[PDB]
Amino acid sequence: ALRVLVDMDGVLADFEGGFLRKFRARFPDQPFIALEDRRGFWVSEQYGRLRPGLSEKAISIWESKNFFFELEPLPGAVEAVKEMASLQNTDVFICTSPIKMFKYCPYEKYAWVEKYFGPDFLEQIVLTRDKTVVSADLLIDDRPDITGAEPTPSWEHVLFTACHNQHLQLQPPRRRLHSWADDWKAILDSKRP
């Protein structure tokens, strides 16, 4: 069976839009970064450059109760993953790294998966900071630099497009999934025997 790992934040759940909305509501007198002007993976770093103390204020949004639970799905994400999981000879796992503050985030990610995919899909969740030690054919993740304890992961990393990575030139033969409307079936098929 083909095995596909799907990232959660920025791939299934709209982390960037949820963050921005809550930041602006909580900190209406601070400057912010429009989604179109996001550059680089780390939200907090971009905000820290924008003004002193803004990194810590950004962090405070995602460390808050209900931040993860209340993220809206990306367009097409829930439908695509449900279809993907239902395909013959195809195992799908949601492989997600929780933030360092653990009071809410792990719990909310399970709750979010239950909400959008149902109880039986909880079995498909892998929470890990290191995705390199999870073996699979494909990893669909918006982070450009995925590293860890395994220097040669078994998966091919397909870069899921986001605001923060859309201008990046990747090294051949690295590939992208532009959105869930893009042809994810063709990418899966290219790895099948």
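Residues carry their position along the shown sequence, with the first being 1.
Comparing the deposited coordinates for 183 to 191 and 2 to 10, the stretch with the larger average C-alpha B-factor is 183 to 191. Per the PDB record, of the two stretches 80 to 88 and 106 to 114, 80 to 88 carries the greater mean B-factor over its C-alpha atoms. Going by the entry's values, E45 shows the largest Cα B-factor out of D142, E70, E45, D137.
Out of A162, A149, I59, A34, the entry records its largest CA B-factor for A34. When the CA B factors of the chain's modelled residues are split into thirds, the value for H157 lands in the middle one.
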